[PDB]
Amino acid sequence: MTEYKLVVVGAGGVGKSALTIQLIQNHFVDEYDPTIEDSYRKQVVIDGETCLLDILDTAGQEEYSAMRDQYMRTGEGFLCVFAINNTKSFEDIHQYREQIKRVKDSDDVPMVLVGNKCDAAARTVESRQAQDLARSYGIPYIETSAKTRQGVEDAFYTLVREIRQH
């Protein structure tokens, strides 16, 4: 069956792991354990196609991010995650998009911009600001909450749909 290799990137603490774990394992991780490099694999049906998702959950903390570039190299599509209550994480997206361009040696890489923690109280990134960033890159913007599961399937399956357009 078809395999889609997805990679989740973004700053430390934005919820990359919680998003991935909510998708794959259907629960919310409340604690914060920084990731080095973890992978998940699950068979799903997306738009009628039975396929395998192979998801690489990467480090956002610089301390844990050593060989991240090498892990990312085989990714077919990337979630670029920030948190809507973390302006710096949004400002950092540019760096992740550049890193993706370097590891894929392409300026045409399937990507989705994800504004996570949309359940949070202290929003500092307004939807329109993120829509504009995504528009600049030619990619969709989706908001998610790993806590409530809002948007989580939509985000990952949208990334698959973006891969399928390349």
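One-based numbering along the sequence shown.
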Which has the higher mean CA temperature factor in the PDB entry, 64-72 or 32-40?
64-72
Give the stretch, out of 111-119 and 45-53, with the larger mean C-alpha temperature factor in the deposited entry.
45-53
Could you say whether, by C-alpha temperature factor, residue 133 belongs to the lowest, middle or highest third of its chain?
middle
Residue 58 - which third its CA temperature factor falls in, relative to the rest of the chain:
middle
Could you tell me which third, lowest, middle or highest, the C-alpha B-factor of residue 25 occupies within its chain?
middle
By the record's CA B-factor, is residue 106 among the lowest, middle or highest third of residues in the chain?
highest
Test of reading the entry: by CA B factor among the chain's modelled residues, which third contains residue 150?
middle
